[PDB]
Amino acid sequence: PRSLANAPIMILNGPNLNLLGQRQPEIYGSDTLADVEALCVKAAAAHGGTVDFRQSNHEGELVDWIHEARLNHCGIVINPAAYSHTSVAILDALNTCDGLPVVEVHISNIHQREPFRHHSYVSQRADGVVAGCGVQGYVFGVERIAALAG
């Protein structure tokens, strides 16, 4: 139990999000990942906190980073992307974050897409889930962490 003041918010991004804003804009929009990071920096600063913003295409690396967050961060905002639908491993890693606030974010409204995107393993552990609010959902995520970590 670190506060926004003692430790950053870890913002994790799963596979293919490195290409945000360069494909399927109608689905993901035209902002890049760097735009999202900046949005997150600003949203956190307004509460007196900071962020640690990461993206990986590797499941295992996401898991390693969650383990790091348990010791060094005050909450996790995660867009696990494709692994949302397939990774029991990320679910179990988050389950080890006892007491740590987790908010799941999806840019697109997964409930309107293919049936296999309707389910998310992460949602079983996440305190909150935001879907289809575009990149603004990331801000919502930071804000909810601020309120819970508070």
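Take the two forms, find the largest set of C-alpha atoms that superpose within 1.5 Å, and that set is the rigid core. Throughout, we count residues from 1 along the sequence that is shown.
- Stretch comparison, 92-100 versus 26-34: after rigid core superposition, larger RMS CA deviation in 5 other deposited structures of this protein is found for 26-34.
- Between 39-47 and 106-114, the higher mean Cα B-factor belongs to 39-47.
- Here 116-124 and 64-72 are compared by their mean Cα B-factor, and 64-72 comes out higher.
- Among all modelled residues in this chain, the alpha-carbon of residue 86 has a temperature factor (C-alpha) in the lowest third.
- Ranked within its chain, residue 55 lands in the middle third, by CA B factor from the PDB record.
- Remark: residue 20 belongs to the highest third of its chain, ranked by C-alpha B-factor as recorded.
- Among the modelled residues of its chain, residue 93 has a C-alpha B-factor that falls in the lowest third, as given in the PDB entry.
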